[PDB]
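Novice: Experimental coordinates follow, after the sequence.
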Amino acid sequence: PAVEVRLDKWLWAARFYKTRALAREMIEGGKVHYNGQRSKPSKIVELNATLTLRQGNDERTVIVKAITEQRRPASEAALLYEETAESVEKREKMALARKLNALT
C-alpha cells in the first residue's frame, strides 16, 4: 500500500512542525485533532480529512488536499492542504483584536 502516509510524517511534510518528533508530541498532547478527535502518530492520512492544530498560540483548521512523504519548500508544501475560510477568519479576528487592545 503506497498510499499510506502517517499523520506525524504528513504534518512535517506539510511544514506545520519542524520535525516529525515534534509533530508526534503535539499529536500526543492532543494539540492536533483528526476529524474532531484525538489521533495518533501512526494514523494514515486520508484526503479531505479535517485537521485542527495548534500553531504556537494560533489555531488552524485545514482540509487535507494531498499526501506525500517529501517536505518541500515553504510556499510549496503549503499546497498539501487548504485552511478553512472559517479558520482564516478566526485567526485574523484574533490578530486584529490583539492589535486593537494594543492601540489602547
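Specialist: That came in fine, so what should we check first? Residues are numbered from 1 along each chain as shown.
Novice: wait, isn't residue 47 in contact with residue 66?
Specialist: Yes. Between residue 47 and residue 66 there is a contact at 7.4 Å, judged by C-beta atoms under 8 Å. Using the backbone N, CA and C atoms, a C-beta is placed for each residue, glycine as well.
Novice: Tell me which of those two has more neighbours.
Specialist: Neighbours per residue, other C-beta atoms under 10 Å: of residue 47 and residue 66, the larger number sits with residue 66, 15 against 10.
Novice: Mind checking what secondary structure the more buried one has?
Specialist: Under the three-state scheme (DSSP: H, G, I helix; E, B strand; the rest coil), residue 66 adopts coil.
Novice: any idea how far it lies from residue 94?
Specialist: 28 Å (C-beta to C-beta, to the nearest Å).
Novice: just residue 79 next, same as before
Specialist: Going from residue 79 to residue 94 by C-beta to C-beta gives 25 Å.
Novice: All set, thanks.
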